[PDB]
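Accompanying notes for the structure given below.
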Amino acid sequence: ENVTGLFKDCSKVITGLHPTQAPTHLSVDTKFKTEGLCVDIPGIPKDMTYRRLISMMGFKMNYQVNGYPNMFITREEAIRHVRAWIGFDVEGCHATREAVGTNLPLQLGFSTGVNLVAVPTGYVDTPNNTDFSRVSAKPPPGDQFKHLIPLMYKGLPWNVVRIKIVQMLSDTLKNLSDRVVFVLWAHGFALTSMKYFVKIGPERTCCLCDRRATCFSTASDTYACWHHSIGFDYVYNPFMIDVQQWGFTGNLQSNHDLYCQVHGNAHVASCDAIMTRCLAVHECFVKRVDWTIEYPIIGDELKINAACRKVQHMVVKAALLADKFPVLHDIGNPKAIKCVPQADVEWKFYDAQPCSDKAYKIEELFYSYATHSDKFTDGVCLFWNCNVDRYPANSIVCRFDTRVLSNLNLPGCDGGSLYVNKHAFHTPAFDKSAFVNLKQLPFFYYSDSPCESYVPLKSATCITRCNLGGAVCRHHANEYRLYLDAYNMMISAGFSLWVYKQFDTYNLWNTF
Amino acid sequence: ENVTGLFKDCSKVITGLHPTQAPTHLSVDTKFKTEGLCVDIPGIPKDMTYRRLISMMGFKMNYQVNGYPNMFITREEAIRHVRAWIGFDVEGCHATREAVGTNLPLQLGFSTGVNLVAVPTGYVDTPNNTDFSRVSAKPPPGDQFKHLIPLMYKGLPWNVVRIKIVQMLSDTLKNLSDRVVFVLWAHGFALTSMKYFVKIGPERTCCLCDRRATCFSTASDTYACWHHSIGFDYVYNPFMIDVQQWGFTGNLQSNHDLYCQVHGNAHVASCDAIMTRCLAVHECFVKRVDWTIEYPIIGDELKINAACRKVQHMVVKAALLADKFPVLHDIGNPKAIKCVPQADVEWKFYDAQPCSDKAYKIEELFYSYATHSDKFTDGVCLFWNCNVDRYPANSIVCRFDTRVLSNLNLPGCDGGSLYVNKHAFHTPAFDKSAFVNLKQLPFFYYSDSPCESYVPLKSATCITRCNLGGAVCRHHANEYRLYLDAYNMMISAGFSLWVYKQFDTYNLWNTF
Amino acid sequence: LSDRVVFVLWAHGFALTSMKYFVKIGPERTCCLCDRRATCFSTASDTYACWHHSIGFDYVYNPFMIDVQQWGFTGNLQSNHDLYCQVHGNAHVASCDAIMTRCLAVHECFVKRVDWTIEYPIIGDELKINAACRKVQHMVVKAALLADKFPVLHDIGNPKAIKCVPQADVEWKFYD
Amino acid sequence: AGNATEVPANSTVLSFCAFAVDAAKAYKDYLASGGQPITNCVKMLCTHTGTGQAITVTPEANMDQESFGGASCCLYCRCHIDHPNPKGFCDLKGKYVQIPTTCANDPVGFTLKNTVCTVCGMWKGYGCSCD
Amino acid sequence: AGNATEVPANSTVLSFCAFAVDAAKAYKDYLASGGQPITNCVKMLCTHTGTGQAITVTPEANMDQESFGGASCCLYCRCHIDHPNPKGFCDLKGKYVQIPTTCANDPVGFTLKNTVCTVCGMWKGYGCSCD
RNA sequence: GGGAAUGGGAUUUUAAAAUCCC
RNA sequence: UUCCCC
RNA sequence: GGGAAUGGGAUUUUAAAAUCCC
RNA sequence: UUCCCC
Ligand SMILES: [Mg+2]
Ligand SMILES: [Mg+2]
Ligand SMILES: [Mg+2]
Ligand SMILES: [Zn+2]
Ligand SMILES: [Zn+2]
Ligand SMILES: [Zn+2]
Ligand SMILES: [Zn+2]
Ligand SMILES: [Zn+2]
Ligand SMILES: [Zn+2]
Ligand SMILES: [Zn+2]
Ligand SMILES: [Zn+2]
Ligand SMILES: [Zn+2]
Ligand SMILES: [Zn+2]
Ligand SMILES: [Zn+2]
Ligand SMILES: [Zn+2]
């Protein structure tokens, strides 16, 4: 049929509108139509006191305009901008008394964890202009929606609500991305609610810097980014993805529960937003690591990457001098390069599948503790950023703590986390039971290089042959501070270091 | 100009494509079409987020290329490769809510008994390429298809489905044939599903041996046979035949039930595949044995034939020497070849159906116990590989057990089996009610040859002159072992030996 | 953990209706292989056992229970649980509702304040952990005071004026 | 429930200009990129013997003009958004608007682009004789 | 339901090449055996005064060339199969491809057999002059 | 309260209907 | 007839 | 085409209704 | 509203 529910008249008046007042041809009264046109009848005066509610349901954002960005994006662009993902859900209420036939936004929830309750407000048609005003409404007729019953008396005016939305989005995303991606399940009512707080147009620039404009103010027609959006009320040019359009059957919870167990509490807007983002992250990221997609630097990724390599070199160089194992096993190394080339030890490499390394010396190993307990009975093992069920008693382990959230460590699926440094690594949930056979590694600095020279260093953790005397030179006094900062940065990023229980520093004091 | 349903655009978008993105002249929008050509309008942008599902229904495999074998073979050719026959049936689901107008494979079934469920996956034209991705789908409406509703929540990815298909085909067919012939009932959706796991090309050879290539691996661009197809993901150069093209009307179940009562349970893919292969076997082999068609010696056929010859010779010689029948009726043997020429007995020969020879050498005999019980009261009847409803009480019978399946014995129609030993013989279902007048033939050896000649034999079933002494001579001691091996091979192959109830070996012992 | 079971319920009607299927009652008994309280009953042998010896037993013998809704709550379980806790959810699944019920009971009984009047039995390794904590605290406070020589040490949160190192040259302040 | 008032062919542009900061610019950019104008306007039937003024209380079209209802030719009344008028009132609504016959394909765009003459009461450049 | 894309005269060659391991070799062998070229391409009406480059964003056909839509001159876009490029993307889709008017009867085969000179953007052996 | 969808093909008769197969 | 959203 | 069913309890008000819990 | 049978 040649009708749509967009801009539907929900008023209870049995008659239509006058030809000089009806917005469309389907809105004019039947008494005026004649042979497909409308004829002015002096006997029917136009109405000057009517109020007609207009439905904002049924938007179609499929415009193709030359200088305008498109709101809906492809899945590859969403994978690129995963740092900007904010789940979004809306729970609504039904217009009841003076108008029936539309739903109004009641509780808007985001994956950040907030719920904003708004006064039921609609767009009514008056003889002068469309008026944005409060309308009578009732909660949906269902038991599942009974928790929405109090919220009808707890809403805020939309002027407050949209300013709070802009504040929350800017405070969440200003150190992560230059845009917002809304992760939706069903976009119809989400778009109907976005009509209340989202405006679009050509791409712009912030009024105080060179960043992309993300917010618009109607008090003064100015555009700003996340950093300069204080007092701004509208979201300008957002992006969105609909997850249900990825071939899903059933509802949101039935699909989320197949892959995750730590989120629940359906029909709450924030909880469903978290569920939507979790399902999207699972569908786009928990398969394998993709090195064809690269992410921009937003912080201390370079320092973390350097500090990890520095610690990995120093710990292994100290361990191979402490007890002098004749052979070691390196497990989980993507490429066949030993951490310390100068070591006089037999390196044997094992991995499930290397990162396309030409050196095929790496043996196949799909490790499991109950299966490979007798594989590495002798010699020190290395597990650097390798995630297994349990480590043996003779290992040196670096493990990332998924419970440490930061700009690099986004929330993940089923208790895991999405670590985005240069690529996106999905890490399963941290378990301390995997470290029952090990102990936490202490901090220490070690070097054998010759040295030549504001308080001088006074610490028992500087294991150097220079420190055997009563003083230490300035070269090691600076390099120890550099390694201390590197170790602090590495442990603050979320990395935990574990060593075998027999490890101690005294043997290192015997290396001189 | 007429159009075809192949590669149909199933997407719900009302407009066409840009002239730079339309794959054909029918796909471009009516804005650009002009005078049978297209125009580049400067202002109109091209779409960059469309997802257009493409219909894979309507393939025509009637190509004629010199180096490329044809998939659809004739039934005269399929009869020669009956050992490669695998029935194949697919159930489907309908694309919905983002595209309407195509069907996707849901459950794949084979005559081997397996069922594989796949997630609904389609080919989607995108502005960069064609994406093979999961799409929205629903089960067909109708009561008969309601059992397909649970299958929407348990599908596997297609990359796993085709690995399992190749594994199952190689496990079934590596000891039967060097190819696969798919037995189909409607080849339309069968071809639409074969698009997902079948590749074609010129004839190749296995990478590790000189056998015909039946499988292809995309991960290594290599070809293999059934023996070497571990980890291969495509079926390379298969053959197929459509049984419904043989003149059938109605559905598959209607035509199958006319001849067979064993199989049923329609609309499950494996059951339909079993019914299709059963109907093909009935149409090709239940009529009569064709001696003109020979089959390759896959394994142990010559040994079983020699064992059968030796056992028949020994048992007929022993019976004729022990009981001294006046006449032996070699029922069912058109040839007058006496298995023991020197026996003091006359021979008569019959055929179940009239042969091409019009001479009076043999007499017609369509034996049934209700009509020919008293025609052979005297003497003995040699029912070697002749199937009757019931045998008389004076017979020596060898009967094949159709319940003993092997590489030489394939499942047949209505409980029978197709035994392929240099020829294809369809044998009716085995019933133990046909031997109520007989008894199982004991294993024994008899020697009438002169005894002129390493462990000494200590078995009392060796009816020979040297057994009446301290030890059996090493000639008979090894000939008895050879006959025991022949007997064990024959009765393991499925042959059952029966003799009249008054048979006893002691009458042989008085011969010496 | 214990020698009994206390079932934490929200509406004991259907809970009792279900307990009819797997609960037996009677006078107080003793385990068949030891001197512990009997918590399980076996119909196949007419014998009673504790938690340690209940292999193959099919009934729970003499359990205890408490109804939390009788403590003055109004509304449903999820409504009252969400007032204090944000970790648990997913109502109308039985295990999740049980977790919410026990969480609400724990909140109503223990989140207020620690009750020093109620003591609990030493199930295992409690005295060793207490002695270890005492020794570690003494060593680390002595080492810090000897190394850095602070003028004042603030023993925050300790109502008692018990000095872990009496001979340290430092003044002590105590708070609650 | 309710009465449907819009045709599907208007679903795109009306969804566009409703979200746009500047609906007048958005409509012109939509037209300039190959989009079709707004349909389903109310068209009046008359003897075409009127005065010819741009906006009138009664249909008063000339021989080369067609009268439309004023509410259907205002873009903001179609998109149900804020009028940029000084008090938010509408000048077309409650009146009948005269569209030239050659411009009758896009009556919304004609009212957006063109203006009226305050001392003669008809469209500038499209019939006003004072210039 | 749905809109048809192809004509019956392409049913064989598009079914063949969509099943082959090597679709370019399959199409060449199909043509060698007397098969007919893939028809129903998207040809442009242009002024034939362009620069004559092989692949452009606008129809730039020389007088000795004819301009086609790129997605209609790609076998892999025509058979809806994977592109043999390492990235899997198409160099022809979204562009205009100029085919010499002598080889304009089979543009799909021409785009398979030929290649583009990097320094001038012409088809090698067809309008290219760098040696 | 809001909204969407109801697959593919062949044949015959007078775009539609019927029949048949999947 | 069926599904999604509230 | 035929047929069946739509749980348990508490409280209040005037058998019924409403509210609340499961 | 849901299920069974034909
Ligand atoms: Mg929700
Ligand atoms: Mg079937
Ligand atoms: Mg419960
Ligand atoms: Zn800024
Ligand atoms: Zn989750
Ligand atoms: Zn030094
Ligand atoms: Zn091989
Ligand atoms: Zn059968
Ligand atoms: Zn002998
Ligand atoms: Zn006990
Ligand atoms: Zn809790
Ligand atoms: Zn207006
Ligand atoms: Zn004027
Ligand atoms: Zn291409
Ligand atoms: Zn060149």
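Protein chains in written order, with the UniProt record's numbering: chain S, 5927 to 6379, 6390 to 6448; chain B, 5927 to 6379, 6390 to 6448; chain C, 6102 to 6277; chain V, 4254 to 4384; chain W, 4254 to 4384. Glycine is no exception: its CB is placed at the ideal position from the N, C-alpha and C atoms.
Query	Result
Could you give the DSSP three-state label for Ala6350 of chain S: helix, strand or coil?	strand
Counting contacts by CB-CB distance shorter than 8 Å, is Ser6180 of chain B in contact with chain W?	no
Got a sec: which bits of the region 6151-6179 of chain B sit with their beta carbon under 9 Å from any beta carbon on chain W, in order along the chain?	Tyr6160, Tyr6162
Just how far apart, CA to CA, sit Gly5962 of chain B and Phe6158 of chain S?	53 Å
Would you call the region 5983-6000 of chain B and the region 6032-6050 of chain B in contact, with 3 or more CB pairs under 8 Å?	no
Chain V partners of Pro5945 of chain B, CB-CB under 7 Å?	Neighbours of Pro5945 of chain B on chain V: none; closest Cβ ~13 Å, over 7 Å.
Would the C-beta of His6193 of chain B count as close to ligand 2, meaning under 7 Å from any of its heavy atoms?	yes
Run through chain V and tell me which residues come within less than 8 Å of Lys5938 of chain B, C-beta to C-beta.	The contacting residues do not exist; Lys5938 of chain B stays about 12 Å from chain V at best.
So, is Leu6364 of chain S buried or exposed, given that buried needs 16 or more other C-beta atoms within 10 angstroms?	buried
So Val6161 of chain B and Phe6123 of chain B are supposed to be a Cβ contact under 8 Å. How far apart are they, rounded?	6 Å
Can you give me, in chain order, the residues of the region 4268-4280 of chain V that have a beta carbon less than 9 Å from any beta carbon in chain S?	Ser4268, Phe4269, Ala4271, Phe4272, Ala4273, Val4274, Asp4275, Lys4278, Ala4279
Considering only heavy atoms of ligand 11 and the C-beta of each residue, which residues fall inside 5 Å, strictly closer?	C:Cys6186, C:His6189, C:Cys6204
In chain order, what residues of the same chain lie with their CB nearer than 7 Å to the CB of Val6362 of chain S, ignoring the 5 residues before and after it?	none
Could you please give the first and the last residue of the uninterrupted beta strand (DSSP E) stretch that includes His6020 of chain B?	6011-6021
With hydrogens ignored, establish whether the beta-carbon of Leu6134 of chain B is closer than 7 Å to any heavy atom of ligand 7.	yes
Does the beta carbon of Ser4264 of chain V come closer than 8 Å to any beta carbon on chain B?	no
For the region 5953-5984 of chain B, which residues have a CB atom closer than 7 Å to at least one CB atom of chain V, in sequence order?	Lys5957, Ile5967, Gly5969, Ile5970, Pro5971
Tell me whether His6352 of chain B counts as near ligand 9, meaning its Cβ is closer than 7 Å to at least one heavy atom of that ligand.	no
Are there 16 or more other CB atoms within 10 angstroms of the CB of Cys6204 of chain B, so buried, or fewer, so exposed?	buried
Should the region 6188-6200 of chain B be called in touch with the region 6313-6322 of chain B, which here means at least 3 C-beta pairs below 8 Å?	no
Is it buried or exposed for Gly6406 of chain S, if we count other Cβ within 10 angstroms and need 16 for buried?	exposed
Given a cut-off of 8 Å on the beta-carbon distance, is the pair residue 4402 of chain V and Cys5964 of chain S in contact?	The question about residue 4402 of chain V has no answer here: the residues shown for chain V are numbered 4254 through 4384.
By the 9 Å beta-carbon criterion, what residues does the region 6052-6064 of chain B contribute toward chain W?	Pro6053, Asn6054, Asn6055, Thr6056, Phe6058
Kindly indicate which three-state DSSP category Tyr5989 of chain B falls into: helix, strand or coil?	coil
With distances taken from CA atoms, which of B:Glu6209, B:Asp6249, B:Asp6136 is nearest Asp6270 of chain B?	B:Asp6249
Counting only the same chain and skipping the five closest in sequence on each side, list residues whose C-beta sits under 6 Å from that of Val6107 of chain C.	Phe6165
How long is the line joining the alpha carbons of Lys5959 of chain B and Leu4284 of chain W, rounded to whole angstroms?	29 Å
Below 8 Å on the Cβ atoms is my guess for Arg4331 of chain V versus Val4361 of chain V; work out the distance and round it to an integer in Å.	7 Å
List in chain order: all unbroken alpha helix (DSSP H) runs of 4+ residues lying wholly within the region 6145-6191 of chain C.	6178-6182
Can you tell me the Cβ-Cβ gap for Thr6202 of chain B and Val6169 of chain B, rounded? I've got them flagged as a contact below 8 Å.	6 Å
Hey, could you find the ends of the beta strand (DSSP E) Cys6210 of chain S is sitting in?	Unbroken run through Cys6210 of chain S is the alpha helix (DSSP H), 6195-6211; no beta strand (DSSP E).
Can you list, in chain order, the residues of its chain with a C-beta nearer than 7 Å to that of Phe4269 of chain V? Leave out the 5 residues immediately preceding and following it.	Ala4279, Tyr4283
To which residues of the same chain is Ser6196 of chain B closer than 7 Å at the C-beta, ignoring the five residues directly before and after it?	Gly6035, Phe6036, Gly6039, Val6040, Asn6041
May I ask you to list the residues that DSSP assigns as paired with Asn6041 of chain B?	B:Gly6035
With 16 other CB atoms within 10 Å as the buried threshold, where does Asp6104 of chain S fall?	buried
What are the boundary residues of the beta strand (DSSP E) that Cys6307 of chain B is part of?	6306-6310
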